[PDB]
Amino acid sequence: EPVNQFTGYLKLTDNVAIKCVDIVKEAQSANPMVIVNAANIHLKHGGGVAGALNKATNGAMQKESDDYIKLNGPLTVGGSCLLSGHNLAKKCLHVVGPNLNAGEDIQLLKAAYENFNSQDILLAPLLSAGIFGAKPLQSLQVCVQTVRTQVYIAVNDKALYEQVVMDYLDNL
């Protein structure tokens, strides 16, 4: 029942924290109020983060998202909608980062991360990573520049995490 039980993070700034952990494992440990899904505009939750989250919900996320699309239609790249977080969190903020492999502009990551400012505390993946084709370190840099609320970022990427740590040490 206690929520937002975030621990073991590296605080990169007063707003942005990072941990090297699987986001579903971390949702179970932290019991967040808000989880971010790395969605596409059609809320088709397959592949990368979206598939992992939807699987963790036994497809409940997809069912709700289908109903949303039926009534409201697709999102816009850089946009978001707030839906149930099902068994992962109270709320899920579905945020659409640009897909560089679909030729979408990487600058749309600013708009995408601005959505995080609508919730006070969030557990999130880096947006536009995996086959969305953005280099995760660049996605992190935009997040740090843009997000003003408290975001806890879960990355399952040892290479990235150890570089982020090196950058933090260099900046002290």
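So that there is no doubt, residue numbering starts at 1 and follows the sequence shown.
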Averaging the C-alpha temperature factors as deposited, the higher value of 41-49 versus 22-30 falls on 22-30
Between 138-146 and 103-111, point out the one with the higher average CA B-factor as the PDB entry records it. 103-111
Third of the chain, ranked by Cα B-factor, where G73 sits: highest
Assigned third (lowest, middle, highest) for the C-alpha B factor of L122: lowest
Lowest, middle or highest third of the chain for the C-alpha temperature factor of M61? middle
Thinking about Cα B factors across the chain, which third does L160 belong to? lowest
